[PDB]
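Some notes on the structure that comes next.
Note that each Cβ is placed from the backbone with ideal geometry, even for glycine, and that neighbours are counted across all protein chains shown. Each value in this text was obtained by applying a stated rule to the coordinates, not by laboratory testing.
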Amino acid sequence: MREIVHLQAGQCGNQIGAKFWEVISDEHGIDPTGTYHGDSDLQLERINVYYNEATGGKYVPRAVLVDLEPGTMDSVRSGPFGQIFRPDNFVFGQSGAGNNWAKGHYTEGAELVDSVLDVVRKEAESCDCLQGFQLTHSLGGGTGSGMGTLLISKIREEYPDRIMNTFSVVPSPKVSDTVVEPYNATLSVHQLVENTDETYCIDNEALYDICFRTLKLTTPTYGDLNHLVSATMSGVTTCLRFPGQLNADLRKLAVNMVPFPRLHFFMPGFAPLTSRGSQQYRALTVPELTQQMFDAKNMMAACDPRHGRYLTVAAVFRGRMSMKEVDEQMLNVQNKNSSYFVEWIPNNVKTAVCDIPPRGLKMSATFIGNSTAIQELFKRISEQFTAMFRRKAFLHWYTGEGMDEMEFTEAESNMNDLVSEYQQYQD
Amino acid sequence: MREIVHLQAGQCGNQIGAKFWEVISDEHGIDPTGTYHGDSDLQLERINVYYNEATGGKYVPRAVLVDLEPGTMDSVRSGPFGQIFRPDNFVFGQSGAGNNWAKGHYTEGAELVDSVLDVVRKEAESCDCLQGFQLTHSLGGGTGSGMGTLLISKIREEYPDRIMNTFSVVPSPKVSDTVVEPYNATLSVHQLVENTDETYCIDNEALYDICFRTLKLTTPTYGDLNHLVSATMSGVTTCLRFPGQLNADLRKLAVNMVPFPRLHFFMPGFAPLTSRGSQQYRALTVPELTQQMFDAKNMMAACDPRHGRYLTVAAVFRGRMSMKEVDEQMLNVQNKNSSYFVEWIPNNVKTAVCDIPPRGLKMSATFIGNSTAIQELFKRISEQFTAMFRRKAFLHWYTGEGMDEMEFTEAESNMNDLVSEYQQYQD
Amino acid sequence: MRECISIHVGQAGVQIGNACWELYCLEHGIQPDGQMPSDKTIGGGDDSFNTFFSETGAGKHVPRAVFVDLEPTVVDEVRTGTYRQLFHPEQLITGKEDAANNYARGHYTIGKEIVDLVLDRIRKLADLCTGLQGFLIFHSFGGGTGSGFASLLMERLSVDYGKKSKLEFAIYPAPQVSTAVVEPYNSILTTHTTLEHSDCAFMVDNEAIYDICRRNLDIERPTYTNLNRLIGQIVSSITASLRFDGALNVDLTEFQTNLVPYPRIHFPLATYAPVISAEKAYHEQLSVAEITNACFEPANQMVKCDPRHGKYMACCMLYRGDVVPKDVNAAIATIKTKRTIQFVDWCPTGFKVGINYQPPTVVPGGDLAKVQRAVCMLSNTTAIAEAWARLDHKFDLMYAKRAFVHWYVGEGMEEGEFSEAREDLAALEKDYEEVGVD
Amino acid sequence: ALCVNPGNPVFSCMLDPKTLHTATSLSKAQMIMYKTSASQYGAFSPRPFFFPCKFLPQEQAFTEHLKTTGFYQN
Amino acid sequence: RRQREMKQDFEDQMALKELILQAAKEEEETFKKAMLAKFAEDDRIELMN
Ligand SMILES: Nc1nc2c(ncn2[C@@H]2O[C@H](COP(=O)(O)OP(=O)(O)OP(=O)(O)O)[C@@H](O)[C@H]2O)c(=O)[nH]1
Ligand SMILES: Nc1nc2c(ncn2[C@@H]2O[C@H](COP(=O)(O)OP(=O)(O)OP(=O)(O)O)[C@@H](O)[C@H]2O)c(=O)[nH]1
Ligand SMILES: Nc1nc2c(ncn2[C@@H]2O[C@H](COP(=O)(O)OP(=O)(O)OP(=O)(O)O)[C@@H](O)[C@H]2O)c(=O)[nH]1
């Protein structure tokens, strides 16, 4: 059978994977202690896609936690699902990263890559045949970008035939906390575009606005945001574990989403988000879901593709649907905005329908998008990087770490190439 | 029927034997008083291999305790099972040891051999038909070396047709505590090779490392280390005492493990070693047992055979398993590292299946190997002996009791011959 | 005697095999256990089932079909379904890796090590059968798995068995709707590989099937099941000549000979006239007149072809039910006198009638009609080339900008085979107006 | 309570699933939460009603008595 | 009567195998129940010491 081993990278991914993993075990109905409460036959069957079974009715999550700071891990371990997480999967370093990419890429990573490779391979023979891997981390995270760029490089030569899914969050476009963050992201993306085959792009600012739009709760927690992205990431994973006529393999999907190799950055899309009163002012119908599915405000990833155009669109529908209601609506949206697609490809929509609704809600869906709205993203960081590199601010550290200006020169040159290629194909 | 009588010698083997013996009683379920609480027929059936039975359901061990220092024996006699051992079997001399090989080998042993040989021939007449003898002692232990080397010579002429099993521990390479120990080792291992047929090689440094590795409990007792080594000796003896289509005789194994006469030195190998959470985080499956069974970290005897190659490998498996999984796991390792055996012999594996699981766990195994990893051992002592023989340090003592440098010359010359002999047949 | 073996390739072709076999078990009264009641029909496996099932001396009906798929999901529910005990475990040929919509991956990467097992399946079926007129291959041009895998086997069954018929059924890709854009890639590859080996290819489109549902069946929200029964009823009718008899009996060999005029082009159209809702048949009446008008009406066909835009060559009507030649030949004579219907002057007659006295019957929990008079309409016209004319302008653009090529060339393939197809379709289309031009 | 931390951002479930089931007169009670698109193919039990009122099968016993052996020859 | 006899004994033989199969799965989980109980007591005996 074909399975997935997951990676918790960066200190955000510590919050990400923790929420993500409970979001899985819960809806399969396992108690926090780990003794599965046998209730659903299908989830009892397709639990093996992500978990192995230990003794005592306990499915071990096949994931790895990596970090450097014990306190974050101790909080995760002391959480409601630390007991379902494994001490051997807890691998860590004796150093404080300083939120330094180079230290996490050259200095601290050197003595930790060996152990994690030993750890990850031990699970590799434990399973038979993977589809690949997925990595929850941040492009703007210091230790995560330092670790992740190292690992994605190494996992590539060992298993160049698998799926290297990457799950990263983009920092706040307005205001980035880490001042050396543009340096970290620019270094990371240089290897990312060379190593990754897929990239999930998520931004916090849009998540906050969604609260202003539909949550309206004023004061949520960051964990609530993790709950949202885990739900979205759960939705794309429903395909593999769930039955029903929809083709689940990411490779059935990747060839359908990737026209050319340089296209790796993709944007999420989710289905009904509802405020207080509209919970009973909403008549759940495939159009009104579809209308809400394609709303500029229900966008959450980076920015409005209203600035640009649409390359490819793919939506997975979770619940008791049929082929028709999705059929005419695609014709409806086709005719609604036919010009805002690209004339390069007609029928650029690839639809899948999951007949198994989530636990409690019936009419749901997820959307993955590749539009011409990423130009704003890396052009933004282009002025930033050029501005700080114009007078090489915050540089004596990395030269002391052993880095040189040359490495950045091609790294921005690679990024500028992606600026043109996205522009050339569409414009 | 064919039985075994044990020998307990050296101030170390004074400790191990009790720990060994109490395990066997706990394995068989005899109370500390000695009145067997009959619960398993088979352990009732095949207790005759090692024990005689007194009046009133009391299994008397057929073991011989010998030493010079009373306080060790008094501690042993005051132990949980000293009442199970006989004052008849408590033989000792009227002198302190001083940790001198020759004092026990030439001076003190002379008036003590008569007693023990009478005792061991008394118990020999008590039993009908023997497989042979096993001796628990140390090679770096002064009293065990002197008496052991004496008795092995004596036991050879009286019964040269039995099993002369020997259980010795190698002192720590980093520090021997005893500074005269390399003299003690070189003298003993000289006498050992001609008289012995089996030798167990164990070093304590690996045991500390294993404690940090899987025991993880930081501060153990040396008795716990004894509980580890006793399990290794218990498993190799579970073959004889327990049913199942496993060929148990050491001769059945010896001709299988020993290609040529001078090969006496061997390494143990043990099966699942488990830490605090992994007891309920382990999917106990034959593949993962074999993985941990063939782990260079599971090495406990001397050092990693990675530096050399593998002459003979033999592992006995204990539990409710089948021929096919052990067969396929057998063929995996052949395909796994085909080049790391010797082209001298293919299919260098010997397998025996004990269908009787232990008390406390079901899936278990024991491994006995003869690899090319002993070169580092005696070559280490070679530089030790040469440097100390270079300026004859601490020699006036041994000249006092009646020894000469000439005995040292041939002992190391014999040692050098075995250095080459291991070298030629593999390299 | 009169028997065949059906082939269902790909998760696309699996449920239709279920539905038809579920349909097929009803008219024979096949209980879900696998045996009849105390009444006597069992023996050496020789009765109405012997053409379709193998109810051997053991007494269990064994369907003469093999279900081949590469994605174990869908086959795992159906083997846990209702009729799983009737299905032979490993005739449900399952796979562990998908073709990922890639025609070459389904033809090269994985098809090698399973076909020999499948070849082992067909020979065991070949020895037990007696006449084996041919095969019933159910597939799809836009096959995520059906496309690549069926291509290899249909080559291999041709080279060893080139003296029997091979009947091909496939859903034709929607003309303007595309669930995949690699669909033009594999479908054009399927055609050029099959035209020189496939005997008779029959196609259909779902959107027109849907249109019928809310035109006359009055269902604005159907499912697969309704569609599967319709095409299942279609194949049931063509197999009714084997199961029943009639005033005259016609076999697939007669169809093939009479349908295909010239080599290469072997692509007629299928139609079923008495498609109607329950209430309409209730207070209305069915007769040979109106159903023949319905069966020739330009909007009752399931393929996006305008008959007045083309010209007719082949006409085959299979009357299953209580009909009499008196009104039959009179009605079709009027159809010949019809001026709108433009047959080619090459064929004075192009009309193949098949009479069967058994009325088609309702299915439990079904949506079909209450049929006493039915026709299975097999016809071929020149109005079809526009589908491939739709395909090529779709293909030429996407080939010119070499979409997705890094994918296909990454797995060891090149453009020369793709170049082969474009002139082949060019060769195919140019024959179509050449046979069109009188 | 089969809730993660109920009232979570995405929709959640609280009611007991084992009572959410409906049956048909020709089928068994089935879990509405987990009704799949494929189980309809054999869901309903048959009635002797939706069966044709005529059966005219092809009987070939007299054929095989002379199929099993070669025809007469001079 | 050959066929009716051979067919009837079959499902009997069928009936025999799942009943020893269900006997197989019930006994293994009892040991699984036993081992977790032993894993329960070992934790609590670690508690007092
Ligand atoms: N865990 C967590 N991360 C957050 C949160 N809010 C923002 N983040 C960002 O998520 C990023 C990714 O974390 P890591 O990749 O582990 O960062 P790092 O390598 O440890 O170094 P830093 O990025 O400086 O924290 C961080 O850089 C934070 O800026 C939050 O609420 N929780
Ligand atoms: N009993 C015991 N022996 C140990 C331990 N650690 C190392 N040893 C060694 O085991 C050796 C064997 O003991 P004996 O053969 O009885 O020693 P001996 O002949 O009385 O003379 P010494 O070796 O000097 O003690 C000793 O030399 C110790 O160096 C331990 O923890 N317990
Ligand atoms: N024949 C058939 N076609 C279907 C069915 N359901 C949907 N379709 C249409 O037929 C196509 C199915 O082909 P594929 O997606 O290639 O299926 P496959 O080749 O077996 O491989 P997968 O992609 O893994 O399922 C889809 O494009 C649908 O538009 C079905 O049940 N049977």
Check your understanding: In the range C:142-185, which residue that is within 15 Å of C:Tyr108 (Cα to Cα) and either of a type in the set (A, V, I, L, M) or surrounded by fewer than 22 Cβ atoms within 10 Å (Cβ to Cβ) (or both) is nearest to ligand 3 (Cβ to nearest atom)?
Key -> C:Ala150
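Given the criteria surrounded by 15 or more Cβ atoms within 10 Å (Cβ to Cβ) and more than 8 Å from chain C (Cβ to nearest Cβ), does D:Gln60 qualify?
no
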Exercise for review: Please name all residue pairs, on different chains or six or more residues apart, with Cβ atoms under 9 Å, provided the first residue is in the range B:14-32 and is closer than 20 Å to B:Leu44 by Cβ and within 14 Å of chain E (Cβ to nearest Cβ) and the second residue is assigned to a helix (DSSP H, G or I) and away from ligand 1 (no atom under 16 Å from the Cβ).
Suggested key: none
Exercise for review: Of the numbered conditions (1) more than 14 Å from chain D (Cβ to nearest Cβ); (2) of a type in the set (A, V, I, L, M, F, W, C); (3) buried (at least 17 other Cβ atoms within 10 Å of the Cβ), C:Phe87 fails exactly one; give the number of that condition.
Suggested key: (1)
Practice item. Would you mention how many residues in the range A:42-93 are under 20 Å from A:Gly10 (Cβ atoms), of a type in the set (S, T, N, Q) and away from ligand 1 (no atom under 16 Å from the Cβ)? Key: 1
Review point. What residue, of A:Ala302, A:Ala314, is of a type in the set (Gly, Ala, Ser), assigned to a strand (DSSP E or B), in contact with a strand residue (DSSP E or B) (Cβ under 8 Å, 6 or more places away or on another chain) and in contact (Cβ under 8 Å) with a residue 60 or more places away in the chain?
Key: A:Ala314
Study note, to complete from the structure: When every residue in the range A:120-140 that is part of a loop (DSSP other than H, G, I, E, B) and within 17 Å of A:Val193 (Cα to Cα) is compared, the one nearest to ligand 3 (Cβ to nearest atom) is A:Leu139
Point to revise | Matching option when the condition is over 21 Å from the mean Cα position of the chain (by Cα), surrounded by 15 or more Cβ atoms within 10 Å (Cβ to Cβ) and touching a residue at least 12 places away in the same chain (Cβ under 8 Å), among B:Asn370, B:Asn414 | key: B:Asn414
Review point. Restricting the range D:10-43 to residues that are under 28 Å from C:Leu26 (Cα atoms) and of a type in the set (D, E, K, R), which is nearest to the other protein chains (Cβ to nearest Cβ)?
Key: D:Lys35
Exercise for review: Have a look at A:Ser176, A:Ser153, A:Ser188 and point out the one that is among the hydroxyl-bearing types (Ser, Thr, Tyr), outside any helix (DSSP H, G or I) and away from ligand 2 (no atom under 16 Å from the Cβ).
Suggested key: A:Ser176
Check your understanding: When you scan the range C:1-22, how many residues do you find that are at the interface with chain D (Cβ under 10 Å from one of its Cβ atoms), aliphatic (A, V, I, L, M) and surrounded by 21 or more Cβ atoms within 10 Å (Cβ to Cβ)?
Key -> 2
**Study point:** For C:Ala99: the one exception among (1) within 13 Å of chain D (Cβ to nearest Cβ); (2) within 24 Å of the chain's Cα centre (by Cα)
**Key:** (1)
Point to revise | Tally of residues being within 16 Å of ligand 3 (Cβ to nearest atom) and among the small types (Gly, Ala, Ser) across the range C:222-259 | key: 1
Check your understanding: Within the range B:328-372, how many residues are polar (S, T, N, Q), in contact with a strand residue (DSSP E or B) (Cβ under 7 Å, 6 or more places away or on another chain) and assigned to a helix (DSSP H, G or I)?
Key -> 0
Study note, to complete from the structure: Taking the range C:357-392 and keeping only residues that are over 22 Å from C:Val328 (Cα atoms), within 11 Å of another protein chain (Cβ to nearest Cβ) and not β-branched (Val, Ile, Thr), one is left with C:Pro364, C:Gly365, C:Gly366, C:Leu368
Point to revise | Matching entry among A:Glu198, A:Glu158 (being exposed (fewer than 15 other Cβ atoms within 10 Å of the Cβ) and either more than 16 Å from ligand 2 (Cβ to nearest atom) or of a type in the set (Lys, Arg) (or both)) | key: A:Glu158
Point to revise | Members of the range B:283-299 found to be loosely packed, with under 14 Cβ neighbours inside 10 Å and touching a strand residue (DSSP E or B) at 6+ places or on another chain (Cβ under 9 Å), listed by number | key: B:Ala283
Exercise for review: Please work out if C:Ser151 is under 25 Å from C:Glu97 (Cβ atoms), within 14 Å of chain A (Cβ to nearest Cβ) and away from ligand 2 (no atom under 16 Å from the Cβ).
Suggested key: no
Check your understanding: Is there a residue being assigned to a loop (DSSP other than H, G, I, E, B) and within 8 Å of another protein chain (Cβ to nearest Cβ) anywhere in the range D:67-74?
Key -> no
Check your understanding: How about the range B:317-327: which of its residues are in a loop (DSSP other than H, G, I, E, B) and not hydroxyl-bearing (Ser, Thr, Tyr)?
Key -> B:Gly319, B:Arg320, B:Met321
Exercise for review: Sort out which residues of the range C:345-386 are under 30 Å from C:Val437 (Cα atoms), in contact with a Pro (Cβ under 7 Å, 6 or more places away or on another chain) and among the hydroxyl-bearing types (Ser, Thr, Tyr), and write them in order of number.
Suggested key: C:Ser379, C:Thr381
Check your understanding: Quick check: anything in the range C:50-70 buried (at least 20 other Cβ atoms within 10 Å of the Cβ), within 16 Å of ligand 3 (Cβ to nearest atom) and among the small types (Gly, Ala, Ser)?
Key -> yes
Review point. For the range A:349-363, what are the residues that are of a type outside the set (A, V, I, L, M) and within 8 Å of chain D (Cβ to nearest Cβ)?
Key: A:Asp355, A:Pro357, A:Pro358, A:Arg359, A:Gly360
Check your understanding: Which residues, taken from the range C:24-55, are at the interface with chain D (Cβ under 10 Å from one of its Cβ atoms) and not in a loop (DSSP other than H, G, I, E, B)?
Key -> C:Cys25, C:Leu26, C:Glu27
Exercise for review: Return the only residue of A:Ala102, A:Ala110 being more than 14 Å from every other protein chain (Cβ to nearest Cβ) and within 15 Å of ligand 1 (Cβ to nearest atom).
Suggested key: A:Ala102
